[PDB]
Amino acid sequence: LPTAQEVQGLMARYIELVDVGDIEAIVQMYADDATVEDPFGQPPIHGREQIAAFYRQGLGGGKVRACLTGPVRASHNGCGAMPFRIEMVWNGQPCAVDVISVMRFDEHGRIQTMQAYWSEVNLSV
């Protein structure tokens, strides 16, 4: 498993990749048995193609930005949690969403699960 420090590095890297819209690099961070729940509360999606499709739909326009808004919290069992903000578009207007992502990494350093906590209470203009 990634150490606590390695989890911090991986999760920060994920945000960097989201910020530049590197779909294949994001997908390559995930395990082949990975799931994504985003927003948490919705059914998980499964596997690399579904995850690729999800990021294409979210980031495809190219004008999404993302940045950490606090330190990555990391455990000793390959998990971590991070606060960040996504900047995007709502029908021609700049909007932002505050998110916390919780990730578990597997013994090969790939993301096994991602859960993104947010709802409309975290969306702003």
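Heads up: residue numbers just count along the shown sequence, starting at 1.
- Mean C-alpha B factor from the entry: is it higher for 111 to 119 or for 9 to 17? Higher mean C-alpha B-factor in the PDB entry: 9 to 17.
- Of 37 to 45 and 56 to 64, which one has the bigger average CA B-factor? Per the PDB entry, the higher value belongs to 56 to 64.
- Which of these, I100, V89, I86, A31, has its C-alpha atom at the highest B-factor, as the entry lists it? Max CA B-factor in the entry, restricted to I100, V89, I86, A31: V89.
- Going by the entry, which of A96, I51, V72, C79 has the most elevated CA B factor? Of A96, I51, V72, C79, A96 has the highest C-alpha B-factor.
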